[PDB]
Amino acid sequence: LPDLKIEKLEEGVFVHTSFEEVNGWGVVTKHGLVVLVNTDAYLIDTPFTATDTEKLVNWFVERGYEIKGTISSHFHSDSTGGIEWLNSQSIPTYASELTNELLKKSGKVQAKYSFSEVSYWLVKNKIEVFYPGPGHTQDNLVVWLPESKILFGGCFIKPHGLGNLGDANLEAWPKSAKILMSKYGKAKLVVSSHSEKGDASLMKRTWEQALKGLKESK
């Protein structure tokens, strides 16, 4: 398995890439973000493991940042795998009510703090959380960095195919993608969990893949 990667996109924004073997898929590549506000660092999704989460935290703490918070974009272990370790270090973990419910229902450790706001500031004017509706999962949400015009679309953005459909809502995904396109068309950069970073068109590609996946199912 390749090592954890940490790449600077620009001032105060880093992409973390972690790797895991998943039954039926082989080696899954997973992207998340670390966002800096002054000397405060926020994790957008945890790596797959406690081990990679610790390495990621140490990399930023060693450079003089303090980890103020982590948010999980949905309940699957590629977003939530580090939550138990973060909870053991009293680093605050956040997830939607629905995500914390789906973590419980599936016998996994919950984020410490749950929210039900559809759209709100994680950090005022720096980090926005938005739920476009069901798609990849019932709970999937996105994170918006207004100052850098970067959207983190998580496992919702699927420009090359929908991946794992087990927890997906094919009926809703196309409407959810249209809602995301109307809200975040001014995006310079879209970071997805499982494909290369791209421009705002990745949201259209996802809509197209969602319509096709719906048609192929019915």
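Residue positions are given as counts along the sequence shown, with the first one as 1.
If you average the C-alpha B-factors over 138-146 and over 83-91, the higher value belongs to 83-91.
Of the two segments, 22-30 and 183-191, the one listed with the higher mean B-factor is 22-30 (C-alpha atoms only). The top Cα temperature factor in the record, among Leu151, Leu170, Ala177, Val35, falls on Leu170. When all modelled residues of the chain are sorted by CA temperature factor, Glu128 is found within the lowest third.
Among the modelled residues of the chain, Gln110 sits in the middle third by CA temperature factor in this PDB entry. Split the chain's modelled residues into thirds by C-alpha temperature factor. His74 is in the lowest one. In the PDB entry, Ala50 places in the highest third of its chain by CA B-factor. Among the modelled residues of its chain, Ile44 has a C-alpha B-factor that falls in the lowest third according to the deposited record.
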